[PDB]
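One structure below.
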There are 2 protein chains.
Amino acid sequence: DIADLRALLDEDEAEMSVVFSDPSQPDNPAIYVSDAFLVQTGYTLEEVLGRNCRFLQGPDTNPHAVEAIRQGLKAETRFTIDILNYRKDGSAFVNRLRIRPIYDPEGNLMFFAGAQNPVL
Amino acid sequence: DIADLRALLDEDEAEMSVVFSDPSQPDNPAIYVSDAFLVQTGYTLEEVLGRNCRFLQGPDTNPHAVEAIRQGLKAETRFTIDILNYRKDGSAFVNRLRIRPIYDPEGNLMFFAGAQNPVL
Ligand SMILES: Cc1cc2nc3c(=O)[nH]c(=O)nc-3n(C[C@H](O)[C@H](O)[C@H](O)COP(=O)(O)O)c2cc1C
Ligand SMILES: Cc1cc2nc3c(=O)[nH]c(=O)nc-3n(C[C@H](O)[C@H](O)[C@H](O)COP(=O)(O)O)c2cc1C
């Protein structure tokens, strides 16, 4: 029996690029990515699961945007940022990244949900 | 936004006493219990969340049954055992305990689900 993490998706994120990360594991790795995420970024599941999502950043990603995200995660609050991201073939795209914390019944942080929308 | 852990319940365990535990946390604590569990055992949510479910054991619980459960958890396999358990008022009941592991998409153990059925 495998957990149905998609059963925590918002209605918006169902047909979307979405990632869930486990902040209790070292380096806050992705434990679930939607097929839309894999299609957009050009990776296989094996290439992404268990890694921190920073692999989407590349040579022209703004490091302050990266730090903003890191602080936003520490804040455990909903936030959105436009950040330059890259696919496996090296092509770049502006990603409107939306992140929100998910807590367990006791109120302890449990997961982060991240949704990717390329800005056209 | 709070995780809907009940969205991993089997159809059988919906109207049932059920617990989910987080084995990545120290001492494998309960992170979710159903209202049926609280009613049966006589505890409040605050009294149970974040504790290992061994608080259901009492003076005449068979220690080999306890060890069986512990090994079954290490085995990460489905198992069932009849074990004497106790409510908060000290009354005892024979619990047919059914436990199953739940894994994440990478196949790493993520939760245990435990269902309680008093044997009549
Ligand atoms: C659920 C989740 C989804 C994320 N998605 C992206 C993303 O799509 N693009 C990106 O550049 N960073 C994303 N990140 C951010 C990185 O994983 C990381 O937190 C960021 O680089 C800042 O942390 P760092 O300083 O350790 O690198 C995501 C983080 C989380 C937790
Ligand atoms: C999800 C879950 C549900 C459990 N439910 C019960 C239970 O209803 N009654 C009981 O005696 N033990 C239950 N246990 C077992 C105890 O939590 C514990 O694993 C057992 O006492 C053996 O471990 P120990 O040697 O550390 O005490 C449950 C364990 C898990 C993980």
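Identifiers for the structure tokens are assigned positionally: chains receive A, B, ... in sequence, residues are indexed from 1 per chain, and ligands are indexed from 1 in the order shown.
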Please provide chain A as a short mmCIF file (atom, residue, chain, number, x, y, z; two decimals) with N, CA and C atoms, in the first residue's frame, once it has been superposed on chain B by least squares across all sequentially paired Cα atoms.
data_model
loop_
_atom_site.label_atom_id
_atom_site.label_comp_id
_atom_site.auth_asym_id
_atom_site.auth_seq_id
_atom_site.Cartn_x
_atom_site.Cartn_y
_atom_site.Cartn_z
N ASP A 1 -3.68 24.92 6.40
CA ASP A 1 -4.06 23.66 5.76
C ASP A 1 -3.49 22.46 6.52
N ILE A 2 -4.38 21.60 7.00
CA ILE A 2 -4.00 20.44 7.79
C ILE A 2 -4.18 19.18 6.94
N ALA A 3 -3.22 18.27 7.03
CA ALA A 3 -3.24 17.06 6.22
C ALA A 3 -4.46 16.20 6.55
N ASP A 4 -5.09 15.66 5.51
CA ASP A 4 -6.23 14.77 5.68
C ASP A 4 -5.70 13.34 5.67
N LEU A 5 -5.19 12.90 6.83
CA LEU A 5 -4.61 11.56 6.90
C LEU A 5 -5.67 10.48 6.70
N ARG A 6 -6.92 10.75 7.08
CA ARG A 6 -8.00 9.80 6.85
C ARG A 6 -8.18 9.48 5.37
N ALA A 7 -7.57 10.26 4.47
CA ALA A 7 -7.58 9.98 3.04
C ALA A 7 -6.59 8.90 2.65
N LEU A 8 -6.04 8.19 3.63
CA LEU A 8 -5.28 6.97 3.39
C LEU A 8 -5.94 5.75 4.01
N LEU A 9 -7.11 5.93 4.64
CA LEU A 9 -7.83 4.84 5.28
C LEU A 9 -8.35 3.84 4.27
N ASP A 10 -8.25 2.56 4.61
CA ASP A 10 -8.99 1.54 3.88
C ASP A 10 -10.49 1.73 4.13
N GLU A 11 -11.30 1.19 3.21
CA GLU A 11 -12.74 1.28 3.36
C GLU A 11 -13.21 0.68 4.68
N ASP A 12 -12.53 -0.37 5.15
CA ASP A 12 -12.91 -1.02 6.40
C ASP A 12 -12.71 -0.09 7.60
N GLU A 13 -11.64 0.70 7.60
CA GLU A 13 -11.21 1.46 8.76
C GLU A 13 -11.88 2.83 8.89
N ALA A 14 -12.88 3.13 8.06
CA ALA A 14 -13.46 4.48 8.06
C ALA A 14 -14.29 4.73 9.32
N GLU A 15 -15.23 3.84 9.62
CA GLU A 15 -16.01 3.89 10.86
C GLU A 15 -15.35 3.12 12.00
N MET A 16 -14.02 3.09 12.04
CA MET A 16 -13.31 2.22 12.96
C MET A 16 -12.37 3.02 13.85
N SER A 17 -11.94 2.35 14.91
CA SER A 17 -10.80 2.81 15.68
C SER A 17 -9.56 2.64 14.82
N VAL A 18 -8.88 3.74 14.52
CA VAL A 18 -7.67 3.64 13.71
C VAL A 18 -6.68 4.70 14.17
N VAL A 19 -5.40 4.35 14.05
CA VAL A 19 -4.27 5.19 14.43
C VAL A 19 -3.31 5.22 13.25
N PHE A 20 -2.73 6.38 12.96
CA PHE A 20 -1.55 6.44 12.11
C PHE A 20 -0.38 6.92 12.94
N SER A 21 0.76 6.26 12.77
CA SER A 21 1.98 6.59 13.49
C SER A 21 3.04 7.03 12.50
N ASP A 22 3.99 7.81 12.98
CA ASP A 22 5.06 8.32 12.13
C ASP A 22 6.36 7.68 12.59
N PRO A 23 6.83 6.62 11.93
CA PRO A 23 8.05 5.93 12.39
C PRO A 23 9.33 6.72 12.17
N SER A 24 9.30 7.81 11.41
CA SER A 24 10.49 8.65 11.29
C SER A 24 10.69 9.54 12.51
N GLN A 25 9.63 9.73 13.34
CA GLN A 25 9.83 10.47 14.57
C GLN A 25 10.27 9.53 15.69
N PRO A 26 11.01 10.06 16.66
CA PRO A 26 11.44 9.22 17.79
C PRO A 26 10.25 8.59 18.50
N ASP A 27 10.35 7.29 18.74
CA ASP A 27 9.36 6.49 19.47
C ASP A 27 8.07 6.27 18.68
N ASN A 28 8.07 6.51 17.37
CA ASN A 28 6.99 6.08 16.49
C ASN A 28 5.62 6.55 17.00
N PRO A 29 5.44 7.85 17.21
CA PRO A 29 4.24 8.34 17.89
C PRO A 29 3.00 8.31 17.00
N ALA A 30 1.85 8.27 17.67
CA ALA A 30 0.59 8.52 16.97
C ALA A 30 0.52 9.97 16.51
N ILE A 31 0.30 10.17 15.21
CA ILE A 31 0.02 11.49 14.66
C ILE A 31 -1.44 11.67 14.28
N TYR A 32 -2.24 10.61 14.27
CA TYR A 32 -3.67 10.72 14.02
C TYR A 32 -4.37 9.57 14.71
N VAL A 33 -5.49 9.86 15.37
CA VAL A 33 -6.38 8.83 15.89
C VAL A 33 -7.80 9.20 15.52
N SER A 34 -8.61 8.19 15.20
CA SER A 34 -10.00 8.45 14.88
C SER A 34 -10.80 8.70 16.16
N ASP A 35 -11.94 9.39 16.02
CA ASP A 35 -12.79 9.60 17.18
C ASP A 35 -13.22 8.27 17.79
N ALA A 36 -13.44 7.24 16.96
CA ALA A 36 -13.80 5.92 17.49
C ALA A 36 -12.73 5.39 18.43
N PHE A 37 -11.46 5.64 18.10
CA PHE A 37 -10.37 5.23 18.98
C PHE A 37 -10.48 5.94 20.32
N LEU A 38 -10.70 7.25 20.30
CA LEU A 38 -10.76 8.02 21.53
C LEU A 38 -11.95 7.58 22.38
N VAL A 39 -13.08 7.31 21.74
CA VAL A 39 -14.28 6.88 22.46
C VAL A 39 -14.04 5.55 23.14
N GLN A 40 -13.46 4.60 22.40
CA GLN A 40 -13.22 3.26 22.94
C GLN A 40 -12.28 3.31 24.13
N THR A 41 -11.21 4.09 24.03
CA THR A 41 -10.16 4.08 25.05
C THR A 41 -10.40 5.10 26.16
N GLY A 42 -11.26 6.08 25.93
CA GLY A 42 -11.59 7.04 26.97
C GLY A 42 -10.64 8.20 27.13
N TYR A 43 -9.82 8.49 26.11
CA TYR A 43 -8.87 9.60 26.15
C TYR A 43 -9.34 10.77 25.30
N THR A 44 -8.75 11.93 25.56
CA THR A 44 -8.90 13.10 24.71
C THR A 44 -7.78 13.11 23.68
N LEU A 45 -7.96 13.93 22.64
CA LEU A 45 -6.96 13.98 21.59
C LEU A 45 -5.61 14.41 22.16
N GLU A 46 -5.61 15.42 23.03
CA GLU A 46 -4.38 15.93 23.65
C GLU A 46 -3.64 14.85 24.43
N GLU A 47 -4.37 13.86 24.96
CA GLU A 47 -3.77 12.80 25.76
C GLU A 47 -3.07 11.74 24.94
N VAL A 48 -3.27 11.72 23.62
CA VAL A 48 -2.86 10.60 22.79
C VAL A 48 -1.92 11.03 21.68
N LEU A 49 -2.18 12.18 21.05
CA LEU A 49 -1.36 12.59 19.92
C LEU A 49 0.09 12.79 20.36
N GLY A 50 1.01 12.30 19.55
CA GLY A 50 2.41 12.45 19.86
C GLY A 50 2.98 11.43 20.81
N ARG A 51 2.18 10.46 21.26
CA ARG A 51 2.67 9.38 22.10
C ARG A 51 2.67 8.06 21.34
N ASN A 52 3.61 7.20 21.70
CA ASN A 52 3.57 5.83 21.21
C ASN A 52 2.35 5.11 21.78
N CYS A 53 1.72 4.26 20.95
CA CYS A 53 0.48 3.60 21.35
C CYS A 53 0.65 2.57 22.47
N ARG A 54 1.85 2.36 23.01
CA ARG A 54 2.00 1.43 24.13
C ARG A 54 1.21 1.85 25.36
N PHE A 55 0.72 3.10 25.42
CA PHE A 55 -0.10 3.48 26.57
C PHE A 55 -1.38 2.66 26.66
N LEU A 56 -1.76 1.94 25.59
CA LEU A 56 -2.91 1.04 25.65
C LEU A 56 -2.62 -0.25 26.40
N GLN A 57 -1.36 -0.53 26.72
CA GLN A 57 -1.02 -1.76 27.41
C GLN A 57 -1.10 -1.56 28.92
N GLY A 58 -1.34 -2.65 29.63
CA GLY A 58 -1.53 -2.57 31.05
C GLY A 58 -0.96 -3.77 31.76
N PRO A 59 -1.33 -3.94 33.02
CA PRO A 59 -0.58 -4.87 33.89
C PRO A 59 -0.63 -6.32 33.44
N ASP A 60 -1.69 -6.75 32.75
CA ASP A 60 -1.78 -8.15 32.33
C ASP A 60 -1.56 -8.31 30.84
N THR A 61 -1.11 -7.27 30.14
CA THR A 61 -0.76 -7.44 28.74
C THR A 61 0.41 -8.41 28.61
N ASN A 62 0.33 -9.31 27.63
CA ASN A 62 1.38 -10.31 27.48
C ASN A 62 2.62 -9.65 26.89
N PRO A 63 3.77 -9.70 27.56
CA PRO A 63 4.95 -9.01 27.02
C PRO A 63 5.46 -9.63 25.73
N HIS A 64 5.23 -10.93 25.51
CA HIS A 64 5.61 -11.50 24.23
C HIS A 64 4.73 -10.96 23.11
N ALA A 65 3.46 -10.68 23.39
CA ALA A 65 2.62 -10.06 22.38
C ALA A 65 3.16 -8.68 22.02
N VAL A 66 3.63 -7.94 23.03
CA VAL A 66 4.24 -6.64 22.78
C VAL A 66 5.47 -6.79 21.91
N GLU A 67 6.30 -7.79 22.19
CA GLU A 67 7.51 -7.99 21.39
C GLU A 67 7.16 -8.42 19.97
N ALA A 68 6.15 -9.28 19.82
CA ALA A 68 5.68 -9.67 18.50
C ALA A 68 5.34 -8.45 17.66
N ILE A 69 4.60 -7.50 18.24
CA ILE A 69 4.22 -6.28 17.52
C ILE A 69 5.46 -5.50 17.14
N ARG A 70 6.41 -5.39 18.07
CA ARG A 70 7.62 -4.62 17.81
C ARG A 70 8.40 -5.22 16.65
N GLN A 71 8.54 -6.55 16.62
CA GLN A 71 9.21 -7.22 15.51
C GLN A 71 8.42 -7.09 14.23
N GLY A 72 7.09 -7.20 14.32
CA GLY A 72 6.27 -7.03 13.13
C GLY A 72 6.43 -5.65 12.51
N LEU A 73 6.57 -4.63 13.35
CA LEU A 73 6.84 -3.28 12.84
C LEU A 73 8.19 -3.22 12.14
N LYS A 74 9.23 -3.79 12.76
CA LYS A 74 10.54 -3.84 12.13
C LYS A 74 10.48 -4.57 10.80
N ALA A 75 9.64 -5.60 10.71
CA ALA A 75 9.51 -6.37 9.47
C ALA A 75 8.82 -5.58 8.37
N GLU A 76 8.10 -4.51 8.72
CA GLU A 76 7.35 -3.70 7.76
C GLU A 76 6.45 -4.60 6.91
N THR A 77 5.57 -5.30 7.59
CA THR A 77 4.66 -6.20 6.91
C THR A 77 3.30 -6.11 7.60
N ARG A 78 2.27 -6.58 6.90
CA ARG A 78 0.93 -6.60 7.48
C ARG A 78 0.86 -7.69 8.53
N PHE A 79 0.29 -7.36 9.69
CA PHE A 79 0.10 -8.38 10.70
C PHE A 79 -1.07 -8.00 11.60
N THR A 80 -1.58 -9.01 12.30
CA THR A 80 -2.70 -8.88 13.22
C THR A 80 -2.37 -9.67 14.48
N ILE A 81 -2.74 -9.13 15.64
CA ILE A 81 -2.52 -9.88 16.88
C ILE A 81 -3.62 -9.50 17.87
N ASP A 82 -4.04 -10.48 18.66
CA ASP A 82 -4.95 -10.23 19.78
C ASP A 82 -4.12 -9.93 21.01
N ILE A 83 -4.33 -8.75 21.60
CA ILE A 83 -3.53 -8.31 22.73
C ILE A 83 -4.47 -7.66 23.73
N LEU A 84 -4.25 -7.92 25.02
CA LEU A 84 -5.06 -7.29 26.05
C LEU A 84 -4.67 -5.82 26.16
N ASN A 85 -5.66 -4.94 26.05
CA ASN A 85 -5.43 -3.51 26.15
C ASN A 85 -6.35 -2.95 27.23
N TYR A 86 -6.10 -1.70 27.61
CA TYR A 86 -6.81 -1.08 28.73
C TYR A 86 -7.29 0.31 28.34
N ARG A 87 -8.45 0.69 28.87
CA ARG A 87 -8.95 2.05 28.75
C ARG A 87 -8.40 2.92 29.88
N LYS A 88 -8.65 4.22 29.78
CA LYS A 88 -8.15 5.15 30.79
C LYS A 88 -8.68 4.80 32.18
N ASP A 89 -9.92 4.30 32.28
CA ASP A 89 -10.42 3.94 33.61
C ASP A 89 -9.88 2.60 34.11
N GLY A 90 -8.99 1.97 33.36
CA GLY A 90 -8.39 0.73 33.81
C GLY A 90 -9.12 -0.52 33.40
N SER A 91 -10.28 -0.40 32.77
CA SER A 91 -10.96 -1.59 32.28
C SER A 91 -10.18 -2.18 31.12
N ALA A 92 -10.16 -3.50 31.03
CA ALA A 92 -9.37 -4.20 30.01
C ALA A 92 -10.27 -4.76 28.92
N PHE A 93 -9.71 -4.89 27.72
CA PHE A 93 -10.44 -5.50 26.63
C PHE A 93 -9.44 -6.17 25.71
N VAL A 94 -9.88 -7.26 25.08
CA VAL A 94 -9.03 -7.96 24.12
C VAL A 94 -9.14 -7.24 22.78
N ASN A 95 -8.01 -6.74 22.29
CA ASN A 95 -7.94 -5.93 21.08
C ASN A 95 -7.35 -6.78 19.96
N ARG A 96 -8.12 -6.97 18.89
CA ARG A 96 -7.59 -7.56 17.65
C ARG A 96 -6.99 -6.40 16.87
N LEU A 97 -5.67 -6.26 16.97
CA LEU A 97 -4.93 -5.14 16.40
C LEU A 97 -4.40 -5.53 15.04
N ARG A 98 -4.70 -4.72 14.02
CA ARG A 98 -4.24 -4.98 12.66
C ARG A 98 -3.36 -3.81 12.23
N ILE A 99 -2.13 -4.11 11.80
CA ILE A 99 -1.17 -3.07 11.47
C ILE A 99 -0.67 -3.30 10.05
N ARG A 100 -0.46 -2.22 9.31
CA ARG A 100 0.08 -2.33 7.96
C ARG A 100 0.99 -1.13 7.71
N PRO A 101 2.07 -1.33 6.96
CA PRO A 101 2.96 -0.22 6.65
C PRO A 101 2.43 0.56 5.46
N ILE A 102 2.73 1.85 5.44
CA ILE A 102 2.41 2.72 4.31
C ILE A 102 3.70 3.37 3.84
N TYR A 103 3.97 3.28 2.53
CA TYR A 103 5.20 3.79 1.94
C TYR A 103 4.93 5.01 1.07
N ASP A 104 5.99 5.82 0.87
CA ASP A 104 5.95 6.95 -0.05
C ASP A 104 6.28 6.48 -1.46
N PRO A 105 6.07 7.35 -2.48
CA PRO A 105 6.36 6.95 -3.87
C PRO A 105 7.74 6.35 -4.11
N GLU A 106 8.78 6.79 -3.38
CA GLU A 106 10.08 6.15 -3.57
C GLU A 106 10.13 4.75 -2.97
N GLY A 107 9.13 4.36 -2.19
CA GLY A 107 9.13 3.08 -1.54
C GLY A 107 9.71 3.10 -0.14
N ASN A 108 9.94 4.28 0.43
CA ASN A 108 10.41 4.39 1.80
C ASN A 108 9.22 4.33 2.75
N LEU A 109 9.40 3.61 3.86
CA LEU A 109 8.37 3.56 4.89
C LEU A 109 8.03 4.97 5.34
N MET A 110 6.74 5.25 5.45
CA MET A 110 6.26 6.59 5.73
C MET A 110 5.39 6.62 6.98
N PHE A 111 4.42 5.72 7.08
CA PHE A 111 3.53 5.65 8.22
C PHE A 111 3.24 4.19 8.50
N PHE A 112 2.71 3.94 9.69
CA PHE A 112 2.01 2.70 9.99
C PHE A 112 0.55 3.04 10.22
N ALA A 113 -0.34 2.17 9.76
CA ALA A 113 -1.75 2.28 10.09
C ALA A 113 -2.09 1.12 11.02
N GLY A 114 -2.78 1.42 12.12
CA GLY A 114 -3.21 0.41 13.07
C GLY A 114 -4.70 0.53 13.29
N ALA A 115 -5.41 -0.58 13.18
CA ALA A 115 -6.84 -0.59 13.41
C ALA A 115 -7.15 -1.46 14.62
N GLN A 116 -8.04 -0.98 15.49
CA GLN A 116 -8.41 -1.70 16.70
C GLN A 116 -9.84 -2.22 16.57
N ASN A 117 -10.02 -3.50 16.88
CA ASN A 117 -11.35 -4.11 16.95
C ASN A 117 -11.40 -4.91 18.25
N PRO A 118 -12.22 -4.52 19.21
CA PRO A 118 -12.39 -5.35 20.40
C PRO A 118 -13.00 -6.70 20.04
N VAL A 119 -12.39 -7.76 20.56
CA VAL A 119 -12.87 -9.12 20.34
C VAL A 119 -13.97 -9.42 21.36
N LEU A 120 -15.17 -9.71 20.86
CA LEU A 120 -16.34 -9.88 21.72
C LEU A 120 -16.48 -11.32 22.22
#
- Message: Using DSSP secondary structure from the backbone, list all strand (DSSP E or B) positions within segment 7-116 of chain B, as a count of residues only.
- Response: 37
- Message: Residues of segment 24-107 of chain B classed as alpha helix (DSSP H) by DSSP on the backbone are to be reported as a ChimeraX atom specification.
- Response: /B:35-41,63-75
